[PDB]
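Form deposited in one PDB entry, single chain, as structure tokens, below.
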């Protein structure tokens, strides 16, 4: 029931994005909300036709890297992620993007212990998204049932943002 960007162009969605906003129903994320930081996420074509999403972010005086394989899931812009640690499966969709400024992503658990998880993410090409982009993200999060207290604009940073 999740919308996907019409005529999604995977070749234009590649490269460097910044995670500029987050909303979720995770008890963990809410507990850590104030401590959350902007991540740098690099998207590259994967060998399966989908995408590798490599993220780097500051956590407790260290730069952490995570890699997520997004496998094609039936339509362009619709992907599946399988957690290698828990086996949980998630649908991850590029809901709306203009490729050169922003993307709205929506992730929802499918099978396993993560099945109840839901999360919206604002990706931005710059670290300082304009008010109109932030209000766009707020609008999507509210339409999807996230409450004000679970929506956060992730504060920008020098840490872990370099190449």
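We call the rigid core whatever largest set of C-alpha positions still superposes within 1.5 Å between the two forms. Residue numbers count along the first chain shown, from 1.
Just so you know, the form deposited in another entry exists too; it's not on screen, but the next bit is about it.
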Core-superposed comparison between this form and the one not shown - Cα displaced by 2 angstroms or more, from 116, 48, 98, 31: 31
task: Since the C-alpha distance between residue 55 and residue 34 changes by 3 Å or more in the other entry, give its direction relative to the shown form: closer or farther.
output: closer
- request: Might you say whether the CA atoms of residue 39 and residue 142 end up closer or farther apart in the other entry than in this form? Their distance differs by 3 Å or more.
  value: farther
